[PDB]
Amino acid sequence: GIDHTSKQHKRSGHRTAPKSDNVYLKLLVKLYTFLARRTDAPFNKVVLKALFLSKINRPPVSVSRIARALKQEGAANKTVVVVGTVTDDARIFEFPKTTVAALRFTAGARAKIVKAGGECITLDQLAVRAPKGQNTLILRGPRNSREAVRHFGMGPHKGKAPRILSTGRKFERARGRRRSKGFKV
Amino acid sequence: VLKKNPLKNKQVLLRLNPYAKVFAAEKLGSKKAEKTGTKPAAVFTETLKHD
Amino acid sequence: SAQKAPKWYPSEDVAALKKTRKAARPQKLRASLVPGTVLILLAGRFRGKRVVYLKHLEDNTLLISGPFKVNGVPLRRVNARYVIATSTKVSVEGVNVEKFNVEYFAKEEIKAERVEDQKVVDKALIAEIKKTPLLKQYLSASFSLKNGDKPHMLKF
Amino acid sequence: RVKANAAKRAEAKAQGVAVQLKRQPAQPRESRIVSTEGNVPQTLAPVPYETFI
Amino acid sequence: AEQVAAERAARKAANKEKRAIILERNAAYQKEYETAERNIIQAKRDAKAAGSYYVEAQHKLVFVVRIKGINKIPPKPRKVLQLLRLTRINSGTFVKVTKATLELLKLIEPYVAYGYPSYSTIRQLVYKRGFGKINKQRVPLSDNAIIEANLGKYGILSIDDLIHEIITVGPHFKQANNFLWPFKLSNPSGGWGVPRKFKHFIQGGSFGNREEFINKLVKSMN
Amino acid sequence: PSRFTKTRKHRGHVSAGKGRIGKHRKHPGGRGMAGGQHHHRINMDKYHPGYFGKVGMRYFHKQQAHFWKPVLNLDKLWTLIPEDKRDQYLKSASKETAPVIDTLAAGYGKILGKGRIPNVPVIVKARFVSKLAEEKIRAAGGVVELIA
RNA sequence: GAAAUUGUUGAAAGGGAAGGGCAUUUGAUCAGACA
RNA sequence: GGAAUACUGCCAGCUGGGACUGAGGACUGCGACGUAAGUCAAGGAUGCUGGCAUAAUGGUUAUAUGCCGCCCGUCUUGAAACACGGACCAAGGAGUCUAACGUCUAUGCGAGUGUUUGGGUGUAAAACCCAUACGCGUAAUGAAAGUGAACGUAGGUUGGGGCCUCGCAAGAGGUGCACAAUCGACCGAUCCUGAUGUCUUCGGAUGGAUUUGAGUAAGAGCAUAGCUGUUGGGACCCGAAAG
RNA sequence: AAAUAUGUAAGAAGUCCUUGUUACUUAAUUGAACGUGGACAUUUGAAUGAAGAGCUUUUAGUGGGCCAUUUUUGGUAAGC
Ligand SMILES: [Mg+2]
Ligand SMILES: [Mg+2]
Ligand SMILES: [Mg+2]
Ligand SMILES: [Mg+2]
Ligand SMILES: [Mg+2]
Ligand SMILES: [Mg+2]
Ligand SMILES: [Mg+2]
Ligand SMILES: [Mg+2]
Ligand SMILES: [Mg+2]
Ligand SMILES: [Mg+2]
Ligand SMILES: [Mg+2]
Ligand SMILES: [Mg+2]
Ligand SMILES: [Mg+2]
Ligand SMILES: [Mg+2]
Ligand SMILES: [Mg+2]
Ligand SMILES: [Mg+2]
Ligand SMILES: [Mg+2]
Ligand SMILES: [Mg+2]
Ligand SMILES: [Mg+2]
Ligand SMILES: [Mg+2]
Ligand SMILES: [Mg+2]
Ligand SMILES: [Mg+2]
Ligand SMILES: [Mg+2]
Ligand SMILES: [Mg+2]
Ligand SMILES: [Mg+2]
Ligand SMILES: [Mg+2]
Ligand SMILES: [Mg+2]
Ligand SMILES: [Mg+2]
Ligand SMILES: [Mg+2]
Ligand SMILES: [Mg+2]
Ligand SMILES: [Mg+2]
Ligand SMILES: [Mg+2]
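Residues numbered from 1 in each chain as written, not as in the entry; some residues may be left out. Chains lettered and ligands numbered in written order. Part of a larger assembly, values for the part shown. Heavy atoms only, no water.

1. Some words on the interface of chain E and chain A
Between chain E and chain A, the residue contacts involve six residues of the former and four residues of the latter. For the pairing of chain E and chain A, the buried interface totals around 510 Å² over both sides, and the portion due to carbon and sulfur atoms is 53%. Notably, a salt bridge pairs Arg78 of chain E with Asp3 of chain A, separated by 3.4 Å at the nearest N-O pair. Across the contact surface, chain E and chain A share three residue pairs in polar contact. Taken together, the residues of the side of chain E that touches chain A break down into two nonpolar, two polar and two charged. (Contact = heavy atoms within 4.5 Å. Buried area = accessible area lost by both parts, 1.4 Å probe. Salt bridge = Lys/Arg side-chain N within 4 Å of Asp/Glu carboxyl O. Polar contact = N/O pair within 3.5 Å; in protein donor to acceptor, adjacent residues only side chain to side chain. Nonpolar A, V, L, I, M, F, W, Y, C, P; charged D, E, K, R; others polar.)

Shown next as structure tokens:
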């Protein structure tokens, strides 16, 4: 017998393949698996892990976040890589010319890019242009801003958007939300 | 694939610790003590036998 | 289709044995075996027959003669672990030294040349026994364990 | 313990080396020789029982 | 290029000279150990002749073998035993005898056996049951190359180099000793010497500080 | 699908995963919302505070169309202009010949401001506007015009 | 034309139930390779 | 006075007998020996001899012998229980489906999304194609009348993967998305402040704050599908006394 | 006034130097808090150990307990 001190047969608990059965995506990971092994460039490692991530962690990054990324002092000319999809944004007018790479590309994202002289390359294209991931700038969509998240941690005094189906007066606003009706949260 | 024990398999006694040969040659596991001859003070052997 | 298809088949190819490092060395026969020593057989048709040890062959065996005119034991071989050596020995020069070896026994109902090499080394050694009293009779008699003989304490 | 840890850190890096800046726990005693001269040992036996009440 | 008949001898000279470096080193130790024991012999002889008493330095190194299984153990000894990497009946770890470990021993005394190991048994222990920790993975020593690949940073290149750090409790004893896996000892070949183990050694038992006797016990389990 | 569902795996286990001691009974707590003020109070006063009581004033026969004023932000004002006319109206920032967009015919009732425009001045005719959004389209040259 | 249950025939065992586990003996039975 | 011996301990001293094991399958490694070739017990068994190719060996089965083995299912702190159900066999026999939901994952498309009420069309309940609207989302917040999200490079600080530059390198700098902590700004509620004005009671700039909001602060949703969980339903199956 | 148990501390989130901001503070550039720049990596500031740490979402069963050592209350006591 052994007085174990960690719990036996524990799974590491990170993905090691997308739950997807996309034949193209499994092939994309067939590549970066090899890139992360034999090149030991960080960018390759940080990109293999991000291929597994579920939709909820490949949140969209919009042409407008990109354009603001290409305004950090030192970036403007960078093949810019998004391992989720990329979304158009009509709230920006000016959009710099760039070569950006992403998994899926939305209709309006190409229009703002190719018709700004930009390029939209798949992720294996970006592999050949930057094998060791040279001169890249990884951008990540905002994770803790989905609808489900404003409900997590719900509780007294944490003020956290109750799980409700119909909003507005007469719905979960009377007692324990104002002092005229009992108390507040 | 198989830990081979030194202290048997005298070959592997030599893969590590080459000085193993010198010890055996000079014997050195039975190094003879240079004789000396000091003798205890009376006080020592007097308390020893003391009631 | 009855079992569709096993997508892999083990490669029928035979891959080479690994290079071993177990090389030989000759037996370090126990001291008790020195030629011209009388021996007790514990096995075979010649279980019990007392016999004479002559020469250690190169396939680890031993070479014995009764001899034939004494206790019927031809020139033969015995395994070194099925036999006991005793504290009584005889002489070895004044008798043949090198005639016999392994292939002599590989044969290709008696055989008549064999009968001869027998008598050859026979009489050069039947000479040696007569020199000690009560010795052919000893070697003529077979060996047996009487009641109450404890072989862990009996010396030979 | 730190204001005097740097005070060591100057002279111990000016005049030389061997900082030894972290503390260390109590250490097992080192070899020593104790004399019987003037201190010849007193021999002791246990005591018999009595009551004295 | 070729670089095939341009390399081999470069490695071996770095190697063949590394072994002659070790052989120089172990001989230094051999004299070092024997000078030191002979010196404490004569110190006792001198003091006895002087009329004084030579008292040896309190040991700074003990060997601790857990002699009690894993069920029904109170939470505080249970933790200490883990902090000494003693989590399985019949396994061994060395420890530097300081105060902050003197007290760790007092707490687990009912569950372990320990004493003052001789050079003779640290040698057999490491030669037979020595294994080092490389990414977990419990690796058997079997080649000073493995020792240098993890202790060269500290000036330990051979196996006897290690053994030296242990019994001399060198200034890198911690990371040297923590390199060693807990020795998976067997049960004693001649037995324990006692009817019931779980009495203190002083009381005809087996647990606690049995000083120099820790060497009889370990070699049989070794 | 049934095959993918745990009840196939619970076959052969006596309690079927619902417990030997406490069992799977019929309605151990009461049906529905029962007990919200009594023995499910904690789960309401927490996860659903404000559940009990009345807060507002009432509106008999409130008709929702009465309040239909979809909100539009300067952050997206230029989305009401087709691309074939965005190509040439992006240049020529002319006070004469401004682009006029009727937001009500687009589907909104109030124009709020949140996100900055280019200085190309536009005529916008809406029902209502926020003070600042006008105060910034007049900063781009344009004018808010009012309709119904 | 199943099972429970039953007749006959055959083998076997059986000192106040029977059945099972590991191991082997006996019996019965099935197996075993190409200059 | 001078020896021996016991006890205890070391030896990388030598050596005899017995037992279980042979995993791996070209070569790569560390060594030893050697003047070299090469040889070795050095990253796991080979050699010689003999019997068997049918009944060696082994599997199954029944019996016998040794030791061992209470009756399962159930509630229970505790069941072999002098607790309950069960004489035997067959067949049947219990967490379903639906409405609306939470989380998670897959998928489409993405500041949008949803063809299937309906229309078109057909090889006719399929498939295929379409207009207008409608649902949710893109705005919040007040009980309401209402008002309604950039001082700033959509800010400051600390931390930050990756990327860029200097360097054989240890490192140093630069930029730093997601994420977290903090301090600000913005919108609504509140309570103050109450200018230019003026239908003397209307208007509410400006400036605020131990107050407050399911907010803004370069949108992330919508639809389908699955498991799991939720509520209403005969609601896992069988069971009242009653009304 | 013990023993056993118990709070905190053992550094880079650090130590100090000349001096910037404000409506708070002082008689006072007095102080308070927050800062630009500048000065110090072996033994980075005890020991030991770390199949690595920090963090989130969802949901099961459970919510009759019982025993032993020691401390212990009621009871003469109890398999209480
Ligand atoms: Mg186990
Ligand atoms: Mg377990
Ligand atoms: Mg009231
Ligand atoms: Mg024994
Ligand atoms: Mg015992
Ligand atoms: Mg179970
Ligand atoms: Mg369950
Ligand atoms: Mg049940
Ligand atoms: Mg329950
Ligand atoms: Mg219950
Ligand atoms: Mg019929
Ligand atoms: Mg039948
Ligand atoms: Mg009979
Ligand atoms: Mg009877
Ligand atoms: Mg001895
Ligand atoms: Mg020995
Ligand atoms: Mg029994
Ligand atoms: Mg009961
Ligand atoms: Mg039972
Ligand atoms: Mg009973
Ligand atoms: Mg009942
Ligand atoms: Mg019954
Ligand atoms: Mg059935
Ligand atoms: Mg809406
Ligand atoms: Mg029912
Ligand atoms: Mg009725
Ligand atoms: Mg009634
Ligand atoms: Mg998370
Ligand atoms: Mg739970
Ligand atoms: Mg529950
Ligand atoms: Mg629970
Ligand atoms: Mg106990």
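After that view, the rundown keeps rolling.
2. Topic: the protein's contact with RNA strand I
The local shell around RNA strand I holds 34 residues, among which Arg163 of chain A, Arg1 and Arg23 of chain D together with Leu83 and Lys174 of chain E are the closest. Taken together, the sugar and phosphate atoms account for 73% of what RNA strand I places within 4 Å of the protein. Interatomic distance of 2.8 Å between a side-chain N/O atom of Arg163 of chain A and a phosphate oxygen of RNA strand I. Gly22 of chain F has a polar backbone atom sitting 2.9 Å from a phosphate oxygen of RNA strand I. Looking at the surface near RNA strand I, the elements with two or more residues in it are α1 (3-14) of chain D together with α2 (75-83) and α3 (99-108) of chain E. The biggest single contributor to the surface near RNA strand I is α1 of chain D, with three residues. (Near = heavy atom within 4 Å. Helix = DSSP H or I, 4+ residues; strand = E, 2+ residues; numbered from the N terminus.)

3. Notes on the arrangement of the chains
Counting contacts across all five pairs of chains that touch, the top pair turns out to be chains B and E. A minimum C-alpha distance of 52 Å separates chain C and chain D, which share no contact. One finds no contact linking chain C with chain F; the least C-alpha distance across the pair is 24 Å.

4. Notes on the pairing of strand β4 (residues 123-126) of chain F
Residues and elements named next belong to chain F. A one-sided burial pattern is seen for β4, the buried positions being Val124 and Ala126 and the unburied ones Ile123 and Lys125. In terms of strand pairing, strand β2 (residues 100-102) meets β4 through three bridges, oriented parallel. The residue of β4 that forms the bridge with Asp102 is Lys125. Pairing geometry for β4 and strand β6 (residues 143-146), over four bridges, is parallel. (Buried < 20%, exposed > 50% of the residue type's maximum accessible area, 1.4 Å probe, protein only. Pairing = 2+ DSSP bridges.)

5. What about the interface of chain E and chain B?
Contacts between chain E and chain B engage 28 residues on the former and 24 residues on the latter. Between chain E and chain B lies a buried interface of about 2,100 Å² when both sides are counted; carbon and sulfur atoms form 62% of it. Of all residues in chain E, the largest losses of buried area upon contact with chain B belong to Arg19, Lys48 and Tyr127 of chain E, amounting jointly to 24% of the total for that side. Across the contact surface, chain E and chain B share zero salt bridges. Our enumeration of links across chain E and chain B arrives at five residue pairs in polar contact. Only α1 (8-50), α4 (119-129) and α6 (159-167) of chain E provide two or more residues apiece to the side of chain E that touches chain B. Here the element with the most residues in the side of chain E that touches chain B is α1 of chain E; it accounts for 13 residues. Here the residues of the side of chain E that touches chain B sort into 11 nonpolar, eight polar and nine charged.

6. Some thoughts on the nonpolar core
Counting 32 residues, the largest nonpolar core has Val65, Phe94 and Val126 of chain E as its most contacted members. If you list the elements that add at least two residues to this core, you get β2 (61-66), α4, α5 (144-151), α6, α7 (173-177) and α8 (214-221) of chain E. Apart from the residues within four sequence positions on either side, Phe94 of chain E is in contact with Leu61, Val62, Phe63, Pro117, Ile122, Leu125, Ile166, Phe173, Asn177 and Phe183 of chain E. Of all hydrophobic cores here, the second largest spans 20 residues; its members include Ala67, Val82, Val100 and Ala102 of chain A. (Core = buried A, V, L, I, M, F, W, Y, C linked by side-chain atoms within 4.5 Å.)

These results come straight from atomic positions and should not be treated as a statement about function.
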